[PDB]
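**Student:**
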RNA sequence: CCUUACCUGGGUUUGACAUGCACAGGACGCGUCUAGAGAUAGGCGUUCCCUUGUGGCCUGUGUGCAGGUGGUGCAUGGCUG
RNA sequence: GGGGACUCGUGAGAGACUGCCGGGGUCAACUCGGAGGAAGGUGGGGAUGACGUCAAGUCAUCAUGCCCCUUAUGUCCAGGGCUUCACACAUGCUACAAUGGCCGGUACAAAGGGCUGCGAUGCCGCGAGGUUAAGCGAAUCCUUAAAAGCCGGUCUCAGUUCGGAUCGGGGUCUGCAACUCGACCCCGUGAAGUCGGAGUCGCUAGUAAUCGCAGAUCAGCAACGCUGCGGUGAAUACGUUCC
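Below you can see the structure in the form of structure tokens.
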């Protein structure tokens, strides 16, 4: 019944149903400043275009899950974007045209037989 | 061989001195435990269809 | 009121699905109260090996033992149907062991 | 070298697994027997025309499905030879083993059996080209298949310098996976060693 | 590749006072993916630049950037046999990023003190027309005007 | 750096050396053992160790207790020119 | 700021200052300094005699240093030499002993060409 | 160690194994002296089957053979790049 | 407990195919740009290696013709050696420190494995390790704390607090056995070496780079190799004149 968070990630997916409130978007003490020392993923989550001050403020932080690497965990803003779609469609063209209604599910290329993780071909010799 | 195979099959005298062989075609080196095979005849069986769903991946 | 925990060890989603839903449905027909099928994670024991016989190459192949356990359910203690459960099982391809 | 057995891709597409059982620890106990079982059964049944052997291991007994062209050869004197190879193998397989001899309705459809037959023809000191024409002709006239490739490799007449050649007829599109291309082969002894042949039968595609 | 260029991955404004230039700077000083760290380092340079200058580090980088940045390369491609190099005009983006690359390299040199401190040193020298990267611009212009031939 | 539970000596030789300790030292004893550990009880007993090629005589002292017969049985050959 | 050798640094941690003794590393430095109750980071400029007395006493009570220590080492080395086993033989020829291959490497032991 | 095919040296040498023709009748296992080990060597445990003929089968004899990581990819298959 | 809402797991479908707008273009082929949409024009990737070639390679995986041995070129066995070095070459690990070493604290994987086994918890030991032992033949038990990262501190540009190679001593493990010839840990020295000639490989998007993880093999030795997973996460591409 509450706004079901839905959004992708790089490996450890983050999402939960949420309700509106103050705008106290944190979990288990892990505020944006505790979980994201850097302001990059903090602000990406803030979704400056649509913040808790731009629209109905929300408190229920997207449940972490999969541990959550400090990089990819910022991907929950996809969850926010979908939550906003659940609110209304007015910013769906704003968010899609902005660049928030996409995929970003990229992981890593499979390790190949004779190569490394990052296809690091060895020092060949043409003689 | 045909004698050193029997010897390899020989159980007693310090089982660490015993030596695991393919037992299908005979192969000392590069023998996988569970299948117990030389990893060559394994390939032939892999193509034959003698496994319980051991297929080539396609990741 | 559950007693019977099913465990099936297959390696073919199609086989375990098609055969389990029918034998389980017939167990229900005999009068047992049964929990719906439970899709469980899949298992794969992967192997990689050289193709060359003399083995003077880096050319490799990659196999995987696709062990499939899913739709593993639970049956309520209904002896008159448990007897049939014991007498009727699935092919060896699906290893039936029940608690 | 750079060619495969199509069954290796159709393992769970169109083909079946010959090993019909699930095992964790006893798995090795099963296959270590499957080697001798298959070798001893295959040996001596040349007249039978052994296409394939499928094996189920269950009820503490082995059930063997023999895809053979000539059941009467495996049976022998009303089962005397079949029991010779079955009853005596009960102590090795693990308490009782049961044969189930299958009759191949049209052996010509079996890449393995055509391969064996024509290779034996070459072991009868016949003209290679004529042998190939005969084998292929019967293996495309009597079957309702969509194609064939028969590739032979060896001395071909007992030449010091060996070689190979093939007579493709119809289609054999191996690069496509939905194709139903049966595959078999046979390695026949000759005066100067032995000569191999592989057979592909573009039987159909898929249900 | 040859014909048909590929779009670059867009960059955005820094979480501090908005600047794609600084964002690019971070991407240019990124080492081993420690990108949050790089941001910490740059922000340290902002703090040192404002501590040293009393003004917006970013615009001191604008002055430093234009001071360092050249607009004329001294090498295009192979011409013939004994022909050396033929200079040719450079587009703003590559010129800009070269300047930044010079600043980083010489900041990496000078085994004196912290990277933030030596960066701050290079920043003010560059903004004041003193950086060796500006001396590289000088080298660009002096070494240029040589084989004023067909600009491939 | 193992066998914390006492020196390991090949039993069939250990017994013989024990008898020799009971009577007196005896002539150089051949033996195919490159692993028995030297102990103080072996001091005064010169005996030969198969070194992969032949049994080579060697005398024991206290300084040798931390050494094996294989340490007293050289196998490879270095330079010679 | 002296016990046996020079042991005279400036602007160093005390345990590192102790690392100037042939026979005492960081571990032993922390063990004795812990025994004295003296901080690991303390420069020579702030030292007194009582501290040197405690340190001296604990060193004498705990281990040996060069001259005595190295002489014990040379006694062990000569023991290896006089034994003449494979190990001593590697020491005798300047060859490595701890399972090395001089064929390609062991250039510290063999020296450069 | 084995692995190891190489070798020092030691033993065996129809053999470690498969297996044909005769004879022979326990095999085999246990434990133990010897010996570095192999094996030697003693003593135990012992031939079912109807070694009733056949059957089982080691051992021993003799012989078919066994066996060979011996060579021969410039005989060759197969497989691989 | 209770629930099936999500996630998750997982069977089967839809969905992207130039489908589509406008424009161009031999109207066709084909293509520019664009809407929608999650992706727009073989999404990405893998498996897949045409016909054929190089007398490429292998009799030592296997198979096998000829020739050879077959009282031995077979067989059994202790031990040695395949692990040797005045030198050279190749592929690789780490450093040549302040985007740094160290003490202390601290959130976070994914994928795999484990009843011959995993060894939780708890005990002892400076530690490697040792004792006891739950649960687990496994989504639940264990493996399981991931590490890079982050708050703070120390050291403050040195062949030094870099670097841990060499070597001595002392401990742990496997195995009957660790010398030849194993692995690990504590102490101790703290080597060479301060960014690399000539020359050259690598690399276009979650890339490359970089830090960790877990398996196969094995009594033990895989925290440099090989095969899989995952974190962080760039830059350049005017262009085809030349190699």
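Protein chains in written order, with the entry's author numbering: chain i, 25 to 151; chain n, 3 to 61; chain j, 3 to 101; chain c, 2 to 208; chain g, 2 to 153; chain s, 3 to 83; chain m, 2 to 114. The C-beta atom is built at its ideal place from N, Cα and C for all residues, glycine as well.
#1: Output needed in chain order: residues of the region 25-48 of chain c with a Cβ under 9 angstroms from some Cβ in chain j.
#2: Residue range of the beta strand (DSSP E) that residue 52 of chain j falls in?
#3: Smallest Cα separation from residue 205 of chain c: which of c/184, c/62 and c/97?
#4: Using beta carbons (cut-off 8 angstroms, strictly below), is residue 138 of chain i in contact with chain j?
#5: With a 10 Å radius around its C-beta and 16 neighbouring C-beta atoms as the bar for buried, classify residue 77 of chain i as buried or exposed.
#6: Would you kindly report the start and end of the unbroken beta strand (DSSP E) that includes residue 187 of chain c?
#7: Is residue 85 of chain g helix, strand or coil by DSSP?
#8: Report yes if the C-beta of residue 125 of chain i is less than 7 angstroms from at least one heavy atom of the ligand NAD; otherwise report no.
#9: At which residues does the alpha helix (DSSP H) containing residue 129 of chain c begin and terminate?
#10: Starting from the N-terminal side, write out each stretch of the alpha helix (DSSP H) that is 4 residues or longer and does not extend beyond the region 64-94 of chain c.
#11: Looking at residue 46 of chain i and residue 81 of chain i, is the spacing between their C-beta atoms short of 8 angstroms?
#12: Taking Cβ positions, are residue 49 of chain g and residue 147 of chain g nearer each other than 8 angstroms?
#13: Measure the Cβ-Cβ separation of residue 94 of chain c and residue 38 of chain c and say whether it is below 8 angstroms.
#14: Could you name the residues that DSSP lists as bridge partners for residue 44 of chain i?
#15: On the premise that residue 108 of chain g lies in contact with residue 64 of chain g, defined as a C-beta separation below 8 angstroms, what is that separation, rounded to the nearest angstrom?
#16: From the DSSP output, in three-state form, read off residue 96 of chain m for me.
#17: Whole angstroms are fine: how far does the CA of residue 46 of chain m sit from the CA of residue 11 of chain m?
#18: I'd like to check one pair, residue 97 of chain m with residue 105 of chain m: are the Cβ atoms closer than 8 angstroms?
#19: Measure the alpha-carbon distance for residue 53 of chain j versus residue 61 of chain j and round it to whole angstroms.
#20: Counting pairs of Cβ atoms below 8 angstroms between the region 170-185 of chain c and the region 85-102 of chain c, do you hit three or more?
#21: For residue 50 of chain s, does the three-state DSSP call read helix, strand or coil?
#22: Do residue 32 of chain i and residue 128 of chain i count as a contact pair if the criterion is CB distance below 8 angstroms?
#23: Starting from the beta carbon of residue 58 of chain n, find every residue of chain j whose beta carbon is closer than 9 angstroms, and list them in chain order.
#24: Between the C-alpha atoms of residue 197 of chain c and residue 84 of chain c, what's the straight-line distance to the nearest angstrom?
#25: In this structure, does DSSP put residue 48 of chain m in helix, strand or coil?
#26: Using a cut-off of 7 angstroms between C-beta atoms, extract the partners of residue 69 of chain s located in chain m.
#27: With DSSP collapsed to three states, give me the class of residue 98 of chain j.
#28: For residue 25 of chain c, is the classification buried or exposed, using 16 other Cβ atoms within 10 angstroms of its Cβ as the cut-off for buried?
#29: From the DSSP output, read off the bridge partner residues of residue 67 of chain j.
#30: Is it true that the CB of residue 57 of chain s sits closer than 8 angstroms to the CB of residue 77 of chain s?
#31: Identify each residue in the region 34-61 of chain g for which the Cβ-Cβ distance to at least one residue of chain i is less than 7 angstroms, and report them in chain order.
#32: Would the beta-carbon of residue 89 of chain j fall within 8 angstroms of that of residue 44 of chain j?
#33: Residue range of the alpha helix (DSSP H) that residue 43 of chain n falls in?
#34: Against chain g, does residue 61 of chain i count as a neighbour if the rule is that its beta carbon must be under 8 angstroms from one of theirs?
#35: The alpha helix (DSSP H) with residue 52 of chain c in it runs from where to where?
#36: In whole angstroms, what separates the C-alpha of residue 90 of chain i from that of residue 130 of chain i?
**Tutor:** Straight from the coordinates:
#1: 25
#2: 45-52
#3: c/184
#4: yes
#5: exposed
#6: 181-191
#7: coil
#8: Ligands in the displayed structure: none, and consequently the ligand NAD is not present.
#9: 129-142
#10: 72-76, 81-88 and 91-94
#11: yes
#12: no
#13: yes
#14: i/82
#15: That pair is no contact at about 17 angstroms.
#16: coil
#17: 7 angstroms
#18: no
#19: 6 angstroms
#20: no
#21: strand
#22: yes
#23: 63, 64, 65 and 66
#24: 32 angstroms
#25: coil
#26: 84 and 86
#27: strand
#28: exposed
#29: n/56 and j/47
#30: no
#31: 37 and 40
#32: no
#33: 43-50
#34: yes
#35: Counting along the chain, residue 52 of chain c falls outside any alpha helix (DSSP H), though it belongs to the beta strand (DSSP E) covering 51-59.
#36: 16 angstroms
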